[PDB]
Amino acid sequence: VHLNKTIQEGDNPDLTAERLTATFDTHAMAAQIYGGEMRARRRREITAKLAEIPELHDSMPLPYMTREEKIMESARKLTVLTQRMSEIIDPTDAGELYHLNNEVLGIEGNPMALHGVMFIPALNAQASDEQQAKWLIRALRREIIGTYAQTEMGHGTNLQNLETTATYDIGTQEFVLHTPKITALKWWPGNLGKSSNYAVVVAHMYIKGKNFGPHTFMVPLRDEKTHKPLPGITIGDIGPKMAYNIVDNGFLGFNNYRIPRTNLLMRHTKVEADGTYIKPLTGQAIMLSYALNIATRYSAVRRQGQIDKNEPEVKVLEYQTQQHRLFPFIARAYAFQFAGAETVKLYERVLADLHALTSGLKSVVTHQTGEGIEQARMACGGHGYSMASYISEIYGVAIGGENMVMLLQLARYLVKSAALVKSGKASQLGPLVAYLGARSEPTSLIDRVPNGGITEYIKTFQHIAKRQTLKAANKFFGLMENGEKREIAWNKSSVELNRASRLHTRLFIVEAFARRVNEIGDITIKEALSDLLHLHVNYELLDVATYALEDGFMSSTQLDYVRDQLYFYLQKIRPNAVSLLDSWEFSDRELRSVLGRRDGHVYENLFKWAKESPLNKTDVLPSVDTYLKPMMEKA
C-alpha cells in the first residue's frame, strides 16, 4: 500500500497524484480525528458491512426526490435500521450510531431526528426515576415517537416570555395546557408536525394564579392506534424549508388540554396533589469536511486555465487563489474537531466558565463553518451550483437557535470578568479567562524571537482579545458613569461587546488546536497537523489584523511576515491537502456528491447523473406539449 489508504487501482490519475504525496498514514490520522484507532476502524467496518446490505441504501439520488418521496424513503430505511441495527453496530455506542445514521439516513433529516437528540435527553434530565420507567423505556424501545417542544411562533429566545400556560387544577389534580394566542403556538420543534405522537412541552406553570416559570411536561399529542390528533390538539407541519426538509417541523396549540399532575417532569421539582410546590460542534466540523472533501477532490481533477503558457492546463488546485479559499478551512475543520474534544473534556472536569464559552463556540463555529462551506461551493465553479456537488444542501443543514443572544451571553461573562480585573481581583478569574488579568509585553514577538512553535501567536491573540474585552466593557461602564441606564448602555455597546466574545472564542479554538498538536507522539502526524496549525494561526491573525495594529502591538513588517507565512504554508499544505481530507474517511454512500466521488471520475458520472435525472424521463416535457409548442405553432 501507500501512506494514503484511500487510493484504489483505476482511480483518476489526477486525484491519485495528489494522494501519492501524502507524508502520513491516513488510517493513523483517522484515529486522531475520531479519538482512537478502534473508533476509526469501527467506522470502516460499519461502512463495509453496509455495502452488503442494499436495503439500507438510497433507492435513488436524494436530489432527484420530492419532499414527499424523501420522507417515505427515510421512514423505510429507519424501520430497517431498528430491525437490523445489531448486526452492524453496538447500539449503546453513540458514535457508532452517529456514523450509522450519517451513512444510512444522511443530513436532510429523518422522522426520529429529534427523538434521540432532545426527547430522550429531556427524559433523562427531567423525568423522575418512576417517570423514566414509564416513558423513557418506551422511547428507548421506539414504542413512541417524541420531540421537544419549546419555541413559539412569537418567541424563540427567552423562556421567560413564552405564552403557553400549564395551569394547575387542584380540584381535578390535572394540568390544563393552553395556547392563548396565535403567537403562543409551539412553532419549529423538529418532527413535531406529523411524526411524533408525544412531546416534552415547555410551558409557564401557574398554581393558584401565581406564575412559577417554565417547566416541562410529558404530553400525548396523537392517539397511539390511529395517530390522529387528540381532542384539543392543533398540530401540523409548518411548511417547506431552505434545507433539512425530511424533518417535519411543526406547530402545536392546546385548547384547555388536560394531563395528569404526574405528567409534570419531577426529578428536580415537585408539585403535590394539593398544589404545594417544592424546589429542593463535531457535527459542524464533519459538515465542513464534507464540503472540503468535495471541493478539494474536484480541484484536483478539474483542469482550467494556464499558469505557464507553454504547459497544459493546470489543475485548479494549482492556483494560490484556490488554495487560499480551501486550505484555511481544512485547518478550521480540524480546529473545530479538537475544540469539541476539549469542551467535552472540560465538562467532565466539572466536579459557568464553560456555559459562557460554549455559547460563543456554537455561534462562531456555525458562522465559520458556513463561511467555509460557501467558499468550498464557489471553489467548484459553475458545476458547484448543481445538486451533483451537494454542497448547497450541506450548507443549508449546517447553517440551520439565534446567534446574537449566544454571543451576548458570553459578553455578560466577559464584562463581569473585566469588572474583576479593574477592581484588583484578577486572582479571582477562572482559568479560561485568566488571560484577562495578565500583563502584556510592549509588542508582539512574532518574527522577533526564535520559538519554532506557536506561543507568540497565542500571546498575540490573548492580547487583542483582552484589549477588545476591556475596551468594550469600559464603553459600557463609561456610558453608565455618565448617567445612561444600564440596559441602554449595554445596547449602545453591544456590537463592540460581541466582537470581544468572538475574539475570546477564536482564541480558545487556537489554544485547543495547539494543545492537541503538542500531545501527539507520532512524528509524521504531528508534523502534518503542525503545518495545519501554522496555517491556521497566520490566516486567523491576518483576519483580525485591525485589532493587532490599532494600539501598535503589531507593525506593518510583522503583518508582512504573517502574509508570507500564510502563502508559504498554503504551498506546504498542498501535497497533504487531499490526504488530510481523506483521513475523515467518508464513503460515497455517506458523502452523496458526484463531484466529490472517491475515485475522481467526475465527468463520466456527472453525465450519468444528469441523464438519469427526472426531467429526462421523456424527450418532450408536458410544458412543451401543453404550452410552448402550441404557442409557437400559433405564431
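All residue numbers refer to positions in the sequence shown, first residue = 1.
*Asks:* Note how many residues of the deposited chain are left out of the model between residue 400 and residue 401; the options are none, 1 to 3, 4 to 9, and 10 or more.
*Replies:* 4 to 9 residues are missing.
*Asks:* From residue 280 to residue 281, how many deposited residues does the entry skip: none, 1 to 3, 4 to 9, or 10 or more?
*Replies:* Per the deposited record, the segment joining residue 280 and residue 281 lacks coordinates for 10 or more residues.
*Asks:* Would you determine, from the values in the PDB entry, which of 493-501 and 114-122 has the greater average C-alpha temperature factor?
*Replies:* That would be 114-122.
*Asks:* Per the entry, where is the mean C-alpha temperature factor higher: 133-141 or 411-419?
*Replies:* The stretch with the larger mean CA B-factor is 133-141.
*Asks:* Between 482, 538, 389, 366, which one tops the list for Cα B-factor in this entry?
*Replies:* Out of 482, 538, 389, 366, the record gives the largest C-alpha B-factor to 482.
*Asks:* What's the residue among 291, 184, 426, 512 with the greatest CA temperature factor in the PDB record?
*Replies:* In this record, 426 carries the highest C-alpha B-factor of the candidates.
*Asks:* Of the three thirds of its chain by CA temperature factor, lowest, middle or highest, which one includes residue 629?
*Replies:* As the PDB entry reports it, the C-alpha B-factor of residue 629 lands in the highest third of its chain.
*Asks:* Using only modelled residues of the chain, where does the Cα B factor of residue 332 rank: lowest third, middle third or highest third?
*Replies:* For residue 332, whose C-alpha B-factor we compare with every modelled residue in the chain, the answer is the lowest third.
*Asks:* Determine, from the deposited record, the chain-internal third of the Cα B-factor for residue 619: lowest, middle or highest.
*Replies:* Highest third.
*Asks:* How does the C-alpha B factor of residue 592 compare with the rest of the chain: lowest, middle or highest third?
*Replies:* It falls in the bottom third of the chain.
*Asks:* Using the B-factors in the PDB entry, rank residue 28's C-alpha atom against the chain and give the third, lowest, middle or highest.
*Replies:* Its C-alpha B-factor, which the entry lists for residue 28, ranks in the lowest third among residues of this chain.
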